[PDB]
Amino acid sequence: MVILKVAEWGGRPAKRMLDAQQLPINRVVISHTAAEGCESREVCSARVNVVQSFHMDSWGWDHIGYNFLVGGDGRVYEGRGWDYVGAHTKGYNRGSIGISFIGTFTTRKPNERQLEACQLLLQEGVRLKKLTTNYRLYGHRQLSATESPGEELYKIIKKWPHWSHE
Amino acid sequence: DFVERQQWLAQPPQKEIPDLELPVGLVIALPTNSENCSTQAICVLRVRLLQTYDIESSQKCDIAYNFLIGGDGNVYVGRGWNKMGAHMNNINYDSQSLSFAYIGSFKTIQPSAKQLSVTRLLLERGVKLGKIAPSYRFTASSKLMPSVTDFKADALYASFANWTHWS
Ligand SMILES: CC(=O)N[C@H]1[C@H](O[C@H]2[C@H](O[C@H](C)C(=O)N[C@@H](C)C(=O)N[C@H](CCC(=O)N[C@@H](CCC[C@@H](N)C(=O)O)C(=O)N[C@H](C)C(=O)O)C(=O)O)[C@@H](NC(C)=O)[C@@H]3OC[C@H]2O3)O[C@H](CO)[C@@H](O)[C@@H]1O
Ligand SMILES: *[C@@H]1O[C@H](CO)[C@@H](O)[C@H](O)[C@H]1NC(C)=O
Ligand SMILES: *[C@H]1O[C@@H](CO)[C@@H](O)[C@H](O)[C@H]1NC(C)=O
């Protein structure tokens, strides 16, 4: 598994110090970016930079909103990481990890590498004690009024063992 | 001066969109009836949120417009030069025009001088590229369909009233 740090994908640091999470975290929220996907380090880095600008400049947040993003190249792009509170799911940022699949998965499935990367990321979080052993996983749409993470991606994660409707 | 779809986080279109027969003889101005914008970062917010509205509330295949013009004087690429828009909800008009949407609401508020000047450059670029016929008509969506309340933007259209190609 490759996790590219903010600096490694050419991103900016936070505008100010972010709030720290109480670890271990037992909620994960899966979203998509609802923009174009990507199949290489160059293209995915480009996509994540635009996302960071949207969150920091257009919305005026203090950093890219996700804890992690997963590219169609199979690489993980670090956002806020495991230890800080995100800006991805209103009311649920504290005590959760927000992971966004880069792309739009309303009628198209995420690819083999993207799904593999996310599975490895979650297993790494449990292994490092960032996530509880019995963490609950949700689609963004269960917690917020949205299409996110896209019907085809949501149908996939609904069959994952950690998925919860509570 | 052009902000490409990727730069505004555009969602890819839901399905294939039909090509226009080019060049078009008609260019149509419309308001977005969203809040306006004076910087690229806020215009990007406006355009990306309009795209969602157009797809998810209006059930369109993509943002409804060929190009969008922000108060910052930048041109935001919508469906572009070559694809049919969905601005009039009428296949006769939509298949035979390009749409320029002005980001904001302009019933009493005027567009910025930037918005108006870049419109001139945008129309000229279209003529040079074979997308707009040299003898094009530029008109208001509201003139074409007087009954449509969302097309009303008196202060926008008054700003083009003395332009030679305006009808
Ligand atoms: C196809 C699709 O998914 N469309 C959805 C569409 O998805 C959007 C899409 O949204 C995606 C799916 C997304 O994951 N959005 C996250 C980032 C989002 O906006 N989440 C908000 C929460 C944002 C948030 O928590 N912000 C913090 C900001 C905090 C600022 C500062 N303290 C900091 O920490 O930086 C906040 O308010 N926190 C408070 C304190 C709280 O938790 O109570 C939510 O769902 O409530 C956007 N893409 C990106 C990359 O942002 C882009 O803009 C429109 C479209 O494309 O969203 C609209 C709602 O606007 C939905 O109706 C659509 O169905
Ligand atoms: C945007 O709208 C506000 C409120 O009407 C106005 O004061 C401002 O000048 C407008 N900005 C532009 C056109 O750049
Ligand atoms: C109509 O607009 C005027 C200003 O309101 C004149 O400056 C101008 O001559 C005319 N517009 C053009 C240049 O076509």
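So is B:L49 away from ligand 3 (no atom under 16 Å from the Cβ), of a type in the set (A, V, I, L, M, F, W, C), crowded, with 20+ Cβ neighbours inside 10 Å and under 22 Å from B:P12 (Cβ atoms) or not?
no
For region A:64-101, which positions are in contact with a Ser or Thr (Cβ under 7 Å, 6 or more places away or on another chain) and polar (S, T, N, Q)?
Passing the criteria: A:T89, A:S96, A:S100.
Are there any pairs, at least 6 apart or on different chains, whose C-beta atoms fall under 9 Å, with the first in region B:98-126 and on the phi > 0 side of the Ramachandran plot and the second within 16 Å of ligand 3 (Cβ to nearest atom) and part of a helix (DSSP H, G or I), and if so, which?
Final answer for the pair search is B:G104/B:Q115; B:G104/B:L156.
From the list B:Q110, B:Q115, pick out the single residue that is more than 28 Å from B:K15 (Cα to Cα) and within 12 Å of the chain's Cα centre (by Cα).
The unique qualifying residue is B:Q115.
May I ask you to verify whether B:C37 is within 16 Å of the chain's Cα centre (by Cα), in contact (Cβ under 8 Å) with a residue 60 or more places away in the chain, part of a helix (DSSP H, G or I) and within 28 Å of A:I102 (Cα to Cα)?
No; evaluated as a whole, the condition is false for this residue.
Looking at B:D62, B:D54, B:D94, B:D72, which one is surrounded by 15 or more Cβ atoms within 10 Å (Cβ to Cβ), of a type in the set (D, E) and within 15 Å of ligand 2 (Cβ to nearest atom)?
Matching residue, one of B:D62, B:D54, B:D94, B:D72: B:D72.
For region B:139-152, name all the residues that are in contact (Cβ under 8 Å) with a residue 40 or more places away in the chain and touching a helix residue (DSSP H, G or I) at 6+ places or on another chain (Cβ under 7 Å).
If the condition is that a residue be in contact (Cβ under 8 Å) with a residue 40 or more places away in the chain and touching a helix residue (DSSP H, G or I) at 6+ places or on another chain (Cβ under 7 Å), then B:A140, B:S141, B:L144, B:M145, B:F151, B:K152 are the ones that fit.
Considering region B:4-38 alone, what residues qualify as being buried (at least 20 other Cβ atoms within 10 Å of the Cβ) and within 14 Å of chain A (Cβ to nearest Cβ)?
Passing the criteria: B:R5, B:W8, B:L9, B:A10, B:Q11, B:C37.
Just to verify a result, which residue in region B:153-167, among those that are of a type in the set (G, A, S) and more than 16 Å from ligand 2 (Cβ to nearest atom), is nearest to B:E35 (Cα to Cα)?
For region B:153-167, the residue satisfying everything is B:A161.
With the condition kept exactly as written, say whether any residue in region B:65-73 is within 14 Å of chain A (Cβ to nearest Cβ) and either among the β-branched types (V, I, T) or outside any loop (DSSP other than H, G, I, E, B) (or both).
No, every residue in region B:65-73 fails to be within 14 Å of chain A (Cβ to nearest Cβ) and either among the β-branched types (V, I, T) or outside any loop (DSSP other than H, G, I, E, B) (or both).
Would you pick out the residues in region A:97-120 that are more than 11 Å from the chain's Cα centre (by Cα), over 9 Å from A:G74 (Cα atoms) and either of a type outside the set (A, V, I, L, M) or assigned to a strand (DSSP E or B) (or both)?
A:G103, A:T104, A:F105, A:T106, A:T107, A:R108, A:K109, A:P110, A:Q119
Pick out the one residue from B:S117, B:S105 that is among the small types (G, A, S), within 16 Å of ligand 2 (Cβ to nearest atom) and farther than 19 Å from B:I63 by Cα.
Checking each option against the conditions leaves just B:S117.
Residues of region A:18-49 being surrounded by 20 or more Cβ atoms within 10 Å (Cβ to Cβ), within 13 Å of chain B (Cβ to nearest Cβ), among the hydrophobic types (A, V, I, L, M, F, W, C) and not in a loop (DSSP other than H, G, I, E, B), which ones?
Once the filter is applied, which keeps residues that are surrounded by 20 or more Cβ atoms within 10 Å (Cβ to Cβ), within 13 Å of chain B (Cβ to nearest Cβ), among the hydrophobic types (A, V, I, L, M, F, W, C) and not in a loop (DSSP other than H, G, I, E, B), region A:18-49 yields A:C44, A:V48.
Take region A:107-166 and flag every residue that is closer than 27 Å to B:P12 by Cβ, in contact (Cβ under 8 Å) with a residue 24 or more places away in the chain and among the small types (G, A, S).
Within region A:107-166, A:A117, A:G139, A:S144, A:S148, A:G150 qualify.
Computed from the coordinates by the stated procedures, all read-outs in this text should not be read as laboratory data. Note that we place each Cβ from the backbone using ideal geometry, even for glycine, and neighbour counts take in every protein chain shown.
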